[PDB]
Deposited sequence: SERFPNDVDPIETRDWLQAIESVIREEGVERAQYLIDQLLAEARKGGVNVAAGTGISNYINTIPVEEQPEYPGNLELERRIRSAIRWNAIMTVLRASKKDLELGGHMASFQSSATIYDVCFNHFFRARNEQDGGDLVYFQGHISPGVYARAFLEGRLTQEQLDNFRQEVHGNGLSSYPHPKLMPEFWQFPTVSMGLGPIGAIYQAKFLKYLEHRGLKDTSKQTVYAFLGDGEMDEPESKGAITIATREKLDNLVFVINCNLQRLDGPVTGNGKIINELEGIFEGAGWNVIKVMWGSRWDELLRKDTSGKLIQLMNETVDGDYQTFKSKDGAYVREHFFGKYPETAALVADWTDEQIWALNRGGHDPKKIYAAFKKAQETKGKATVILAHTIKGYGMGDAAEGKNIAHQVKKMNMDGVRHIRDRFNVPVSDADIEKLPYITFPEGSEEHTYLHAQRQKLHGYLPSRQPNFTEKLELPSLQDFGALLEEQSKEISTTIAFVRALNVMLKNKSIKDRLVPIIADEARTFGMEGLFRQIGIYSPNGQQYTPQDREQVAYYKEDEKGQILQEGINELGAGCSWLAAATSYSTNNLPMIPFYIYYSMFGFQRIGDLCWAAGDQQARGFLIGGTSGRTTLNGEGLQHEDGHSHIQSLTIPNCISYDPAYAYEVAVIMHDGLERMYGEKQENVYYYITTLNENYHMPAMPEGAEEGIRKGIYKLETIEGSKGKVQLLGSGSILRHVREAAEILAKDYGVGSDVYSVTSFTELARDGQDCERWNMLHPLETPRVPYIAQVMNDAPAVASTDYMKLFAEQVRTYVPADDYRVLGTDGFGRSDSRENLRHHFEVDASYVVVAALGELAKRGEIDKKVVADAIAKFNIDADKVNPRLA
């Protein structure tokens, strides 16, 4: 670490290019409106919330950027990608309002979006599709999200797809938020990939929601120590211009020592105090430092201020950071939390309008008046001039991408629709599909295959030699190999899955990984991707509780689909056959990057198990996209049941159908359920509508237009709820569901499928049991059945094992 002083000494600091006095007036009307916006919200007394303190402290930092740095979207690129801290959004609204892009009515509807003319509390692209771009309130996601976005931009240039060199990625973070493991856990990557197009701006006010991030330490020192050692270039914006005369005449060099030794704890105690106190408790520490201020007045000393509130110091940091290459840069801005507000850390607001000199009489205030700037005024001219010099206004978002893509037709995957020679997996089918896509002239170089190291476990090697591994195995490599780091992989996937919006360059990512480590591990990011309108494919290989048989407890996935069905714009599929993988991928491609431009992303669970892949039944394509279709019906004069299966378990459900036919003369309808989740959501959409339209003609759930009323049994390699979620919509009296509830364990596939009461053996018992409960057959048949299949009816429930 370096001395507790600015990185840029005054004799190396560029001359401030802007109108200081005019920017002051401008920013000040913004702090005010930002403040009016929130108070106005409070009066409503409807528990709306909203912050002011976080913004007053960083306002100047953003102001300098908005005045001399932030490039907005333009003809050549998407501009700088700014990850605005989520709690300073009213300040953005404030300036946005000044720039004339938000109405006053909208300011008043702060945190009241339901009716359509409001604004979200925080950056939420889903809710404000043309304004916000990057979801940041969930602390920690912003930092790592910006790192892989800056890396994705470099990716784009290196690949020759788009020159993104004029774009800079700004990640705006609080110091408190830097404790989230995701905040620094990936900063080493900024060095490996040399992201000199990335700048972390850390607002160092020293506190969280209850005191200094580290009271008896020095957060700036901690941040400087770890980032420096991570290879980043760190710039400290510590003190305002009032300390330069002081630091200059301190020949003893004792002031610096003093600043070095004071812990974040005393600095906070100083600012809640006053000049005299500081003269005594800080300068008063050494004779040499009491003499620096020896002739100053207590007031003057109080005027001393931190770097993060001096445009000149703030400006030098961003300028310097700008001309830096080979590595990312972090700016540690030293600031005062709750700046200008003072008192509390109705009328008493005039204090701020006094601190920043707001043009409002002590009269026209009880109304919380929004301040503006009419065309022709000095402030309005300067406001827009600086923004125009910098290509426009931000934040801003473009909902759709402009170009038309020449997606491959399903016929193009016609090989995947035929019976397959050898026995393969849904993963191999998946890899083959992506290969078909790689033959398409239009989308081949737009695909972004992304793996978390196990290209081995997913048969992606055969693709290394064809499209290469991105490695700025050179900088033209198409595949993004992120290693053991699912969060980083996900951020890359998200940068790619949203390139269509950010840089009007649709890219189509396919990120394959051990399904277990999907939503469970990077879940908050997946929810945020939904928020950012991500359009990509999340491929969860080695899925299913019983299919990744040997790995066990921490790898056996029989619940990922339950987590994904929580994300509204995520479409989930658990396909059993390659022709199903092919149809689903084509449809997804069509819906997301085709004319439709539907905002939704795909999740497809694939398998590491090989078996017979039959040819796609003529006319099945639509049923596959909807979630279900009948494979066949086997005859049987002694009875009839319906059998449903998905993923790797369908074949065992078919194995059952056959058994019931031959051993008990019970016929069946065999159904392939590619997506229980979609069927459920459809089921829910039909009943929601039907309930609100009592007199109108009802909507029958797709699943009820495919199933009849004979008794049913369904089994999947996922917990029962996965198949049970469609109960309400199934048109049959009896619906039994087998599942893999319970922690996973190591064994042969055979052994696990019996342990989890999901194989043919259990499907037949279940089927027979339903016949029995309705006098169609003697219960003893069910009993003799449990006996014949080696089924221990009294072992402990798999959930408890």
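According to the record, the deposited residues with no C-alpha atom in the structure span 1-55, 401-413, 541-557.
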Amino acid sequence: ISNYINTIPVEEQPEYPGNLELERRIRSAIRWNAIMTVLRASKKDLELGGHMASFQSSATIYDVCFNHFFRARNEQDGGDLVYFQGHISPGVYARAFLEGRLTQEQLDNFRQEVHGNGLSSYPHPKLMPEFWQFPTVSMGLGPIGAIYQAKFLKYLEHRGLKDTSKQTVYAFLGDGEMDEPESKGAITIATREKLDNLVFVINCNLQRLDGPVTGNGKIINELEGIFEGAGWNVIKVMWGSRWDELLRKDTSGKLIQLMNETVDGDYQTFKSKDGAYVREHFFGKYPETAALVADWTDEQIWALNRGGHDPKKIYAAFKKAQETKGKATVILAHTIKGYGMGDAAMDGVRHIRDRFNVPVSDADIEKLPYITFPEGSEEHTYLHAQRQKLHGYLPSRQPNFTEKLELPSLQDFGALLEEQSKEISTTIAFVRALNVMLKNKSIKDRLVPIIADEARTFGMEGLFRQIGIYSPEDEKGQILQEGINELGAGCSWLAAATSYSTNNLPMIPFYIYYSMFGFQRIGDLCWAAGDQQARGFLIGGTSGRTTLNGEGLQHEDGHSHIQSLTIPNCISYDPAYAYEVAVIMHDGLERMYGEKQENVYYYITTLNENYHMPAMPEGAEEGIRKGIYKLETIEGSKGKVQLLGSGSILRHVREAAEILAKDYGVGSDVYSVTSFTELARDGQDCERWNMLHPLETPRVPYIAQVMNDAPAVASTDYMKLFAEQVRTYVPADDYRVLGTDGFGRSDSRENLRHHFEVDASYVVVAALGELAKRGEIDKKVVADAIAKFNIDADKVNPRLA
From here on, numbers count along this sequence of modelled residues.
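Think of the rigid core as the biggest set of C-alphas that the two forms share within 1.5 Å after superposition.
Farther from the shown form on average, by C-alpha root mean square after a core fit in 5 other deposited structures of this protein, is 292-300, of the stretches 292-300 and 510-518. Two stretches, 347-355 and 257-265, are weighed by how far their CA atoms sit from the shown form in 5 other deposited structures of this protein after rigid core superposition; the farther one is 347-355. Higher mean CA temperature factor between 452-460 and 412-420: 452-460, per the PDB entry.
Comparing 562-570 with 590-598, the stretch with the higher mean C-alpha B-factor in the PDB entry is 590-598. By the numbers in the PDB entry, the CA B factor is greatest at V360 among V237, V360, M585, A529. Comparing C-alpha B-factors across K271, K162, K166, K126 in the deposited entry, the largest value falls on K271. In the PDB entry, a CA B factor belonging to the lowest third of its chain's modelled residues is recorded for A620. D210 sits in the highest third of its chain by CA B factor, as recorded in the PDB entry. Annotation for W493: CA B-factor lies in the lowest third of the chain's modelled residues. Compared with the other modelled residues of the chain, the Cα B-factor recorded for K254 ranks in the highest third. When the CA B factors of the chain's modelled residues are split into thirds, the value for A783 lands in the lowest one.
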